[PDB]
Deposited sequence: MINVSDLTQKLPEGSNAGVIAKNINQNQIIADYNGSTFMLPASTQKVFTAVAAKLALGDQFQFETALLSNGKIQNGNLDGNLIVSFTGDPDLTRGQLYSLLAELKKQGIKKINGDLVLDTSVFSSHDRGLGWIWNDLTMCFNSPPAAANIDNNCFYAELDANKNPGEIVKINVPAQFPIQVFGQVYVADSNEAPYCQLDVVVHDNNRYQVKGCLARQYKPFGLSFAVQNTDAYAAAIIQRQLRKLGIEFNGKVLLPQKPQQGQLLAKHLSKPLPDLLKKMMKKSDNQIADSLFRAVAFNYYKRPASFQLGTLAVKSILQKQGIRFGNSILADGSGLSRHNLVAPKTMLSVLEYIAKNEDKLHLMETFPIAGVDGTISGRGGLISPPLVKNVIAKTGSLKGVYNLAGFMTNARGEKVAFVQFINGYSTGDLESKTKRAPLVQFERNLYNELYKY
């Protein structure tokens, strides 16, 4: 075997690596180092969600956002509620929702009579995603040290940002972060400080109450369209029986999976995860339901998980526990079954695209243009799961998990130079073996 222990010698002190590689042609493990330890997979977890979506959902699957009602359309009139059905489209734009609201005119509706009803069916992303569910505020931090920073909320966001962030007397642009606590109805409170800065800038934020964010946005929207709504907003817990008035469809599975994999989009992963459960189980979907359904389905294919912990679709969670060799095994299922699944194309490509176009240790020959890999990142965690071709035109699957990687403070993640030297030498050896 390759000598991995030699390589980890220059990863920072105290880190741990889990590395394993199999030459698919020769049917032979050619590297195997802590191959069996459970570690944090981070975004390499999406490999599993990919394969599970393929199997349980299929290529024709699409996310559906839908307008409905039981009311009789009268003259301009809608004599019932407007139920708006959200099913976790991770892709939905403000743009597209508006367009869906438009089908209400073309059908003659001037005035909606009853209430606005919002329907959900999953139990960072939710039923109602709009524009990646996030926003920004405008900070002006060109003030005196010790003096309040001016903050604005673009008018297009139904958000409050209160609290008060003073300027950092550089006597302390060390002892300083920015505390953000959320309150009922997307009211965000801010505290602490920043360092003096000349230009104006943007702080991005996740939307916490997405239900409410989406009912607010919809109401701006019926107004801009001249549809008179005067009712309440109901957020029932049950599916809402109504009559299909109109619908909006996401791009389909292969594009969704292409974006997830190449780019490492968490929301696609974690909505797909849950969509997988909703379909396998035919009922509202938790993350737990998602674990059950994704293990069960990969298990019908002969993937053995042991006591692996698969806590989400994207691998963000610090409770995920899986061993290289189980990741390794899912890859080989991918290669073997490529003819049918077409998952090989989704992996980013070294020095060419997705999350590893510029990846330091991969952008020379013979790895540039050769090594494809789903990457994974957290603070202290740098992973690669994927494939390459060696000196004989042979195929090689691998899995590199690195955890507890640490060289610096809360003030910043320090140098990646050991990572880059590690991966370089690592993949060079796999090539050459």
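Unmodelled region of the deposited chain sequence (numbering from residue 1): 124 to 143 only.
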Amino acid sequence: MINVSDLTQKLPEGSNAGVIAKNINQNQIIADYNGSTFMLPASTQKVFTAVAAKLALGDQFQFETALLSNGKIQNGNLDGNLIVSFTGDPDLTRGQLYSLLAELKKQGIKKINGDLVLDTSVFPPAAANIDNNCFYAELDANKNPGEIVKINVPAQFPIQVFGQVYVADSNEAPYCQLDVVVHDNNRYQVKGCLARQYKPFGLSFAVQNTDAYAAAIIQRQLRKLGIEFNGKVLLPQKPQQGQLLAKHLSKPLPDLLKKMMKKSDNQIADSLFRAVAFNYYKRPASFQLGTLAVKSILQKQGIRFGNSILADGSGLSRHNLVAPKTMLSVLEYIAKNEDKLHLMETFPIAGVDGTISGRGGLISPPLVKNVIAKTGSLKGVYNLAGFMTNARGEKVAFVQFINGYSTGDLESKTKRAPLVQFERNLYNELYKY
From here on, numbers count along this sequence of modelled residues.
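With 137 to 145 and 84 to 92 compared on mean CA B-factor from the PDB entry, the stretch scoring higher is 137 to 145. Averaged over Cα atoms, the B-factor as recorded in the entry is higher for 23 to 31 than for the other of 23 to 31 and 40 to 48. Which of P348, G202, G290, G302 has the largest Cα B-factor in the deposited entry comes down to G202. Of the candidates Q177, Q189, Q208, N129, the deposited coordinates give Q177 the top C-alpha B factor. For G408, the recorded CA B-factor ranks within the highest third of the chain. Only modelled residues enter the ranking. Sort the modelled residues of the chain by CA B factor and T414 lands in the highest third. Per the deposited record, the Cα B-factor of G108 falls in the highest third when ranked against the other modelled residues of its chain. Ranked against the other modelled residues of its chain, the C-alpha B-factor of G306 as given in the entry falls in the lowest third. Ranked by Cα temperature factor within the chain, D353 sits in the middle third according to the deposited record.
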